[PDB]
Amino acid sequence: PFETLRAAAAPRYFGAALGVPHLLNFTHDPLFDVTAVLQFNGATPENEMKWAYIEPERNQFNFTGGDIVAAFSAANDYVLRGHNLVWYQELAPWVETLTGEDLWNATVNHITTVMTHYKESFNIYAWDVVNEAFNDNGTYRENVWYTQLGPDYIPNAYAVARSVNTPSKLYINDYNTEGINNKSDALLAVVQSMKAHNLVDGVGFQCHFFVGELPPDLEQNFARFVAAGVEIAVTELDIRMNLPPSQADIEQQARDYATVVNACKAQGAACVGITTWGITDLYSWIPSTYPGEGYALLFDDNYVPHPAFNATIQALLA
Ligand SMILES: *[C@@H]1O[C@H](CO)[C@@H](O[C@@H]2O[C@H](CO)[C@@H](O[C@@H]3O[C@H](CO[C@H]4O[C@H](CO[C@H]5O[C@H](CO)[C@@H](O)[C@H](O)[C@@H]5O[C@H]5O[C@H](CO)[C@@H](O)[C@H](O)[C@@H]5O)[C@@H](O)[C@H](O[C@H]5O[C@H](CO)[C@@H](O)[C@H](O)[C@@H]5O[C@H]5O[C@H](CO)[C@@H](O)[C@H](O)[C@@H]5O)[C@@H]4O)[C@@H](O)[C@H](O[C@H]4O[C@H](CO)[C@@H](O)[C@H](O)[C@@H]4O)[C@@H]3O)[C@H](O)[C@H]2NC(C)=O)[C@H](O)[C@H]1NC(C)=O
Ligand SMILES: *[C@@H]1O[C@H](CO)[C@@H](O[C@@H]2O[C@H](CO)[C@@H](O[C@@H]3O[C@H](CO[C@H]4O[C@H](CO[C@H]5O[C@H](CO)[C@@H](O)[C@H](O)[C@@H]5O)[C@@H](O)[C@H](O[C@H]5O[C@H](CO)[C@@H](O)[C@H](O)[C@@H]5O)[C@@H]4O)[C@@H](O)[C@H](O[C@H]4O[C@H](CO)[C@@H](O)[C@H](O)[C@@H]4O[C@H]4O[C@H](CO)[C@@H](O)[C@H](O)[C@@H]4O)[C@@H]3O)[C@H](O)[C@H]2NC(C)=O)[C@H](O)[C@H]1NC(C)=O
Ligand SMILES: *[C@@H]1O[C@H](CO)[C@@H](O[C@@H]2O[C@H](CO)[C@@H](O[C@@H]3O[C@H](CO)[C@@H](O)[C@H](O[C@H]4O[C@H](CO)[C@@H](O)[C@H](O)[C@@H]4O)[C@@H]3O)[C@H](O)[C@H]2NC(C)=O)[C@H](O)[C@H]1NC(C)=O
Ligand SMILES: *[C@@H]1O[C@H](CO)[C@@H](O)[C@H](O)[C@H]1NC(C)=O
Ligand SMILES: [Mg+2]
């Protein structure tokens, strides 16, 4: 109280994507784990619970990576989000050639085995069961499950997740759904249905934003999901800019983080937390995905806070 993100956010959590290779780099880069403990009280595994890592061959599970992030989280009594179970990317190659009932059987076994493991071992607050199931124009993404099983795979996946009987909230997660547009409309219609049918609890908004270009009706869109009766969370926040960073963009980034915080706070108890997709710019996915862009997180390459850090603290407290 009130100098850290985690303190300022209470009773909401303020989390970070944590990668196993950075956590285990404590010797050479202690500030990563130190900043995690001092500033954050939520965590999402960056990669190692994804299908390609956790079930690399059929019915052969590898929990090592997920267990490391979960244990770090448990030691610090973080809010832990499981991420993710059904997603067209970072999918083990053997899945992509399965057809029909065979594909569905593999998927049921994936969801059930992974969730049962973490039910018995750790406290998972929420699971991103299905990730990125829609296209920008509001149609269903034609991934392998859609192609083989049709649109019903989405509620069926939540049905399977429910049958594990964990105390985890079940979330659906996506990007470009943060404003009011075709994609968020489509997501909302499906969420309204699934919520009616007791299948989903939460909606995750990734919020991979570009500085000074946030969605115009961010808060209003959050509000209509909350009106549908789900909780929401900001799940993968970063706000990127062109490098080297201009003074104007650094200042605007501060305003943009505050804008996201305020859109969350406006929902009261229904918005449970904010997670940034990483801790420091030094390991951000952005400069390797968008060359010449970066400076997107709250701490720079030397773990010195951005001006956005102060703006986030102030918005959380106010
Ligand atoms: C289930 O899921 C699991 C979890 O995901 C999977 O397990 C993970 O699998 C991945 C992929 O294979 C693996 O990542 C790779 O690891 C490679 C091994 O690196 C480690 O070991 C080497 C070698 O250590 C030996 O030698 C040193 C000294 O030379 C000694 O100190 C060691 O104790 C050890 O000695 C013993 O063995 C030798 C013979 O090997 C004997 O001669 C000796 O007598 C001893 O018996 C180390 O050098 C590495 O150390 C680095 O990282 C650790 C952190 O864990 C640091 O503490 C350490 O200081 C050092 O850090 C430096 O390197 C890192 C990058 O590695 C830098 O970031 C950092 O700045 C430092 O410079 C490890 O301990 C590794 O080689 C490989 O590297 C990749 O990147 C390089 C670029 O450098 C590329 O060129 C390569 O191609 C690779 O892509 C990569 O990181 C994970 O380690 C592994 N486990 C975990 C927990 O994630 C599992 O496979 C899966 N199972 C399935 C699917 O079945
Ligand atoms: C575990 O912890 C360790 C820390 O102990 C982590 O290692 C560090 O990892 C970071 C992130 O990858 C690296 O930062 C990057 O550095 C490169 C340049 O690196 C070269 O130059 C370094 C500086 O060299 C001078 O200065 C030193 C002393 O300061 C002198 O000793 C030298 O002689 C030079 O005068 C040098 O230190 C580097 O180290 C190399 O040394 C060993 C041998 O010792 C070599 O074998 C290795 O190859 C090792 O690299 C190296 O020579 C920068 O270019 C990077 O900046 C880009 O990326 C940033 C984000 O990552 C971004 O903010 C920047 O703006 C910039 O991005 C821009 O440019 C990109 C070009 O690629 C564009 O793609 C992009 O879009 C954008 O436009 C970055 O700063 C550290 O070098 C590294 N430190 C060490 C000591 O290794 C390690 O990663 C951790 N591991 C895990 C798993 O967490
Ligand atoms: C809204 O935008 C979406 C996304 O841009 C767009 O959806 C795309 O539609 C086209 C067809 O109009 C899909 O193209 C393919 O058509 C062939 C048949 O010729 C199918 O075999 C494809 O199936 C996929 O699966 C194959 C394995 O069996 C793979 O080879 C590959 O993954 C194929 O894509 C597929 O139906 C295209 O896949 C989709 N894209 C996505 C992301 O869903 C849609 O047309 C737009 N609607 C509008 C503008 O009204
Ligand atoms: C998406 O926008 C287009 C305009 O190009 C519109 O015709 C269509 O009805 C919209 N889709 C949905 C699902 O609202
Ligand atoms: Mg706990």
# chains A, B, ... in the order shown; residues from 1 in each chain; ligands from 1

$ residues_near_ligand --ligand "ligand 3" --cutoff "8 Å" --atoms "only C-alpha atoms and all ligand atoms" --output "compact mmCIF listing (two decimals) with N, CA, C and O atoms, in the first residue's frame"
# COMPACT_ATOMS: atom_id res chain seq x y z
N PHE A 134 -12.93 -16.80 -33.21
CA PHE A 134 -13.64 -16.00 -34.21
C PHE A 134 -12.69 -15.28 -35.17
O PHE A 134 -11.52 -15.06 -34.85
N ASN A 135 -13.22 -14.95 -36.35
CA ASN A 135 -12.56 -14.09 -37.32
C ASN A 135 -12.98 -12.64 -37.08
O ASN A 135 -14.02 -12.39 -36.47
N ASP A 136 -12.18 -11.70 -37.57
CA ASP A 136 -12.49 -10.28 -37.44
C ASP A 136 -13.87 -9.86 -37.99
O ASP A 136 -14.49 -8.93 -37.45
N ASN A 137 -14.38 -10.51 -39.03
CA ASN A 137 -15.69 -10.14 -39.57
C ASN A 137 -16.86 -10.79 -38.83
O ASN A 137 -18.01 -10.65 -39.26
N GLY A 138 -16.57 -11.49 -37.74
CA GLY A 138 -17.62 -12.06 -36.91
C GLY A 138 -18.05 -13.47 -37.26
O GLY A 138 -19.03 -13.97 -36.70
N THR A 139 -17.35 -14.12 -38.19
CA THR A 139 -17.61 -15.53 -38.48
C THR A 139 -16.76 -16.41 -37.58
O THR A 139 -15.80 -15.94 -36.96
N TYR A 140 -17.09 -17.70 -37.50
CA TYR A 140 -16.26 -18.64 -36.75
C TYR A 140 -14.94 -18.88 -37.48
O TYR A 140 -14.94 -19.10 -38.69
N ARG A 141 -13.83 -18.85 -36.75
CA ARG A 141 -12.54 -19.22 -37.33
C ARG A 141 -12.56 -20.69 -37.77
O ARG A 141 -12.90 -21.58 -36.98
N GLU A 142 -12.20 -20.96 -39.02
CA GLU A 142 -12.19 -22.33 -39.53
C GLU A 142 -10.91 -23.10 -39.17
O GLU A 142 -10.15 -23.52 -40.04
N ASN A 143 -10.70 -23.31 -37.87
CA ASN A 143 -9.63 -24.18 -37.39
C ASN A 143 -10.04 -25.64 -37.53
O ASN A 143 -11.10 -25.93 -38.08
N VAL A 144 -9.23 -26.56 -37.02
CA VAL A 144 -9.50 -27.98 -37.25
C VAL A 144 -10.82 -28.44 -36.61
O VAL A 144 -11.57 -29.22 -37.21
N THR A 147 -13.78 -27.15 -38.70
CA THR A 147 -13.81 -27.91 -39.94
C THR A 147 -14.36 -29.32 -39.75
O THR A 147 -15.10 -29.83 -40.58

$ residues_near_ligand --ligand "ligand 2" --cutoff "7 Å" --atoms "only C-alpha atoms and all ligand atoms" --output "list in words"
residues 21, 22, 25, 28, 29, 243, 244, 281, 282, 283, 284, 287, 288, 290, 291, 292, 293, 294, 295 and 301 of chain A

$ residues_around --residues "residue A:11" --least-positions-apart "5" --cutoff "10 Å" --atoms "only C-alpha atoms" --output "ChimeraX atom specification"
/A:6,269,272-273

$ residues_near_ligand --ligand "ligand 5" --cutoff "8 Å" --atoms "only C-alpha atoms and all ligand atoms" --output "VMD selection string"
chain A and resid 73 to 79 122 to 123

$ closest_residue --among "A:114, A:199, A:266, A:186" --to "residue A:218" --atoms "only C-alpha atoms"
A:266

$ residues_near_ligand --ligand "ligand 1" --cutoff "6 Å" --atoms "only C-alpha atoms and all ligand atoms" --output "list in words"
residues 24, 25, 62, 64 and 65 of chain A

$ write_last_selection --atoms "C-alpha atoms" --output "mmCIF file, in the first residue's frame"
data_model
loop_
_atom_site.group_PDB
_atom_site.id
_atom_site.type_symbol
_atom_site.label_atom_id
_atom_site.label_comp_id
_atom_site.auth_asym_id
_atom_site.auth_seq_id
_atom_site.Cartn_x
_atom_site.Cartn_y
_atom_site.Cartn_z
ATOM 1 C CA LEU A 24 14.684 -20.144 -14.207
ATOM 2 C CA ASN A 25 17.060 -17.326 -15.189
ATOM 3 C CA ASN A 62 4.386 -33.215 -20.123
ATOM 4 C CA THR A 64 6.902 -29.952 -16.215
ATOM 5 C CA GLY A 65 6.665 -26.476 -17.691
#

$ closest_residue --among "A:32, A:285, A:210, A:72" --to "residue A:45" --atoms "only C-alpha atoms"
A:72

$ atom_distance --atom1 "atom CA of residue A:224" --atom2 "atom CA of residue A:259"
17.4 Å

$ closest_residue --among "A:289, A:206, A:184, A:59" --to "ligand 4" --atoms "only C-alpha atoms and all ligand atoms"
A:184

$ closest_residue --among "A:158, A:92, A:41, A:185" --to "ligand 4" --atoms "only C-alpha atoms and all ligand atoms"
A:185
